[PDB]
Structure formats: C-alpha cells, structure tokens
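This report refers to the structure that appears directly beneath it.
Quick note: the coordinates plus some simple rules give every number you see, no bench work behind them. Here Cβ is always computed from backbone atoms with ideal geometry, including for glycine, and neighbour counts include all displayed protein chains.
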Amino acid sequence: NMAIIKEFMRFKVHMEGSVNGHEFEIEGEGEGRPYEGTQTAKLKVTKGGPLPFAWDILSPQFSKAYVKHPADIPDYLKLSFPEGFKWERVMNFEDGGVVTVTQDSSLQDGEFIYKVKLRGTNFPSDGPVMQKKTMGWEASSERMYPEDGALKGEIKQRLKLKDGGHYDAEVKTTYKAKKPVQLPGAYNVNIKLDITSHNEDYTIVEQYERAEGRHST
C-alpha cells in the first residue's frame, strides 16, 4: 500500500448537490501529502452558480486518505486502496437544517477520484446558511470507532457566525472499505479546514485541511 499511496498524491472531485432544492455541481482538483495529513483543493462551481447558501456546509465534503496516522493505529482508509472506499454522512444542524452525503473514493491512473452526492434540506430561509452568515469551521475532533465492519466517526462541529457565536452541527459518518482490511480501535482525529481563498460569490474556492489521528487510549 505504501507503493501506490505515495507521499504526494493528487485527486479529482465531482459533487452533485441540492440545498433547499437549489441544484448545483462542483468540480475540483486537489493535492497533498497523505502521510503528513495535509492537503489543498481548488473547487469551481460548474452548474447552479452562484450558490444561494453558505459554502461552509459543502467544504467538509471535499478526503480521509490524507490523515496522518501513528504507526500503531491501522490506517484503514489508506489500506482500502486500490479498490478504495465509500462514505456516508449525516449532519444535523442546530436549527433543523440537514445535510446528507454519500461519496465514492477510488484510485484511477495514479490519482484519487471522488464522487460526492449531497442533499441539504430544511434550512430556514432567514438562517445563517441561506443568508450566508457563516465564517468557517472551528477546529474539529472526530471521534472514530469500528462498528459493524466499518469505521464510524462522530463530530460536534461548529461554524463561526459573522455576528458572533457559533452554528453547531452534529455529524456522523460511516467509512467502509470495498474490501475487508484491518479496522482500528477507537481514536480521534484533529481536523482543521480553512478557506484559503475565494472569489466574491464563492464560485471559485480554495481549501486547506490538516488532519491528524491521535490516541484515545
């Protein structure tokens, strides 16, 4: 696996989504250092732009092959290649907005290929998502554990608000390799996702993420 998941790897991503019925597509490319836990992505809205909602609800959906893992925590999602893995996520926001996501991760011609499908619903029309009142995510801790033959992660994620405070989301994700490979025990992942640039209407956006697994015991 270290022979095919190289220390520098690129990816391509496609998202098809809808948020409160507003349909869109995004395409992007990324690159990073999977064993160092760092990566960047450049995203472009290719249909449905400009988006009438906060970019921040989409940013966490654009790459868990790039988490730095201590040697004694099995790196299940790297080990899943070349076949790769899928993930499925639920985000429940504190005002009743919901985002569900499914994703396929594969490796083709040397690059990761990500296909994301996203559905956001029931965001209040005057809430911070539809009104674009958010200012990026706080650093997160994803609590990971094996269950039913897959890897699960849970987050209490917090979006900064322009007028102060936070807009919170409870997130739960299942990550499942396409072939059985070794699952880890319980551990945590420290994640910090930054928007490093964007144009005025968020149709062109660059992101940076650092993700590092840490022991829980």
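Select from the stretch 47-78 the residues that are outside any loop (DSSP other than H, G, I, E, B), touching a strand residue (DSSP E or B) at 6+ places or on another chain (Cβ under 8 Å) and crowded, with 17+ Cβ neighbours inside 10 Å and list them in ascending order.
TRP55, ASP56, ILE57, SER59, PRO60, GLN61, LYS64, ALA65, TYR66, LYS68, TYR76, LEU77 - these are the residues of the stretch 47-78 that are outside any loop (DSSP other than H, G, I, E, B), touching a strand residue (DSSP E or B) at 6+ places or on another chain (Cβ under 8 Å) and crowded, with 17+ Cβ neighbours inside 10 Å.
Starting from residues that are touching a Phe, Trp or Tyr at 6+ places or on another chain (Cβ under 7 Å) and surrounded by 15 or more Cβ atoms within 10 Å (Cβ to Cβ), keep the ones in the stretch 87-105 and report whichever is nearest to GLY21 (Cα to Cα). Before you say what the answer is, go through the steps one by one.
Quick first cut of the stretch 87-105, residues touching a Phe, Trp or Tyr at 6+ places or on another chain (Cβ under 7 Å) only: 87, 93-94, 97, 103, 105.
Retained after the next criterion (residues that are surrounded by 15 or more Cβ atoms within 10 Å (Cβ to Cβ)): 87, 93, 97, 103, 105.
Working: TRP87: 23, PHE93: 17, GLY97: 13, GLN103: 20, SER105: 26 Å.
Within the stretch 87-105, the match that is nearest to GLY21 (Cα to Cα) is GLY97.
Which ones in the stretch 19-36 are under 22 Å from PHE93 (Cα atoms) and charged (D, E, K, R)?
The one that is under 22 Å from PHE93 (Cα atoms) and charged (D, E, K, R): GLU23.
Enumerate the pairs (first residue in the stretch 98-123 and at positive phi; second residue anywhere and among the basic types (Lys, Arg) and in a strand (DSSP E or B)) with beta-carbon separation below 8 Å, excluding pairs fewer than 6 apart on the same chain, so at least 6 apart or on different chains.
Cβ pairs passing all conditions: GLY110/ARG10.
How about the stretch 91-123: which of its residues are in a strand (DSSP E or B) and more than 20 Å from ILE26 (Cα to Cα)?
Of everything in the stretch 91-123, those that are in a strand (DSSP E or B) and more than 20 Å from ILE26 (Cα to Cα) turn out to be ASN92, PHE93.
Can you confirm whether the stretch 114-122 contains a residue that is crowded, with 19+ Cβ neighbours inside 10 Å, touching a strand residue (DSSP E or B) at 6+ places or on another chain (Cβ under 6 Å) and among the hydrophobic types (A, V, I, L, M, F, W, C)?
Going residue by residue through the stretch 114-122, those that are crowded, with 19+ Cβ neighbours inside 10 Å are 114, 116, 118, 120.
When the remaining residues are screened for being touching a strand residue (DSSP E or B) at 6+ places or on another chain (Cβ under 6 Å), the result is 114, 116, 118, 120.
From what is left, the residues that are among the hydrophobic types (A, V, I, L, M, F, W, C) are 116, 118.
So far as the stretch 114-122 goes, yes, one or more of its residues are crowded, with 19+ Cβ neighbours inside 10 Å, touching a strand residue (DSSP E or B) at 6+ places or on another chain (Cβ under 6 Å) and among the hydrophobic types (A, V, I, L, M, F, W, C).
For the stretch 199-217, give me each residue that is within 17 Å of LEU58 (Cβ to Cβ), touching a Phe, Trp or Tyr at 6+ places or on another chain (Cβ under 9 Å) and not in a strand (DSSP E or B).
The one that is within 17 Å of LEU58 (Cβ to Cβ), touching a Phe, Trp or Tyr at 6+ places or on another chain (Cβ under 9 Å) and not in a strand (DSSP E or B): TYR202.
So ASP126 passes all but one of these: (1) in a loop (DSSP other than H, G, I, E, B); (2) touching a strand residue (DSSP E or B) at 6+ places or on another chain (Cβ under 7 Å); (3) among the acidic types (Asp, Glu). Which condition number does it fail?
Going through (1) in a loop (DSSP other than H, G, I, E, B); (2) touching a strand residue (DSSP E or B) at 6+ places or on another chain (Cβ under 7 Å); (3) among the acidic types (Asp, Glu) one by one, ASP126 breaks only (2).
Restricting to the stretch 21-52, give me the number of residues that are small (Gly, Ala, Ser) and closer than 26 Å to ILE4 by Cβ.
So the count comes out to 5.
From the list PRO184, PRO180, exactly one residue is surrounded by fewer than 16 Cβ atoms within 10 Å (Cβ to Cβ), more than 23 Å from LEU43 (Cα to Cα) and over 19 Å from the mean Cα position of the chain (by Cα). Which is it? Give the derivation first.
Details: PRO184 fails: surrounded by fewer than 16 Cβ atoms within 10 Å (Cβ to Cβ).
Every option except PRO180 fails the conditions.
Are any of the residues in the stretch 7-18 assigned to a loop (DSSP other than H, G, I, E, B), within 29 Å of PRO70 (Cα to Cα) and of a type in the set (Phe, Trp, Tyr)?
Initial filter on the stretch 7-18 (assigned to a loop (DSSP other than H, G, I, E, B)): 7-8.
Filter once more, keeping what is within 29 Å of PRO70 (Cα to Cα): 7-8.
Restricting the remaining residues to those that are of a type in the set (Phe, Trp, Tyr) gives 8.
So far as the stretch 7-18 goes, yes, one or more of its residues are assigned to a loop (DSSP other than H, G, I, E, B), within 29 Å of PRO70 (Cα to Cα) and of a type in the set (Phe, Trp, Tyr).
Between a residue in the stretch 172-197 that is closer than 16 Å to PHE62 by Cα and any residue that is exposed (fewer than 13 other Cβ atoms within 10 Å of the Cβ), which pairs come within a Cβ distance under 6 Å, given they are 6 or more apart or on different chains?
Within 6 Å, the pairs are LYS192/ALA139.
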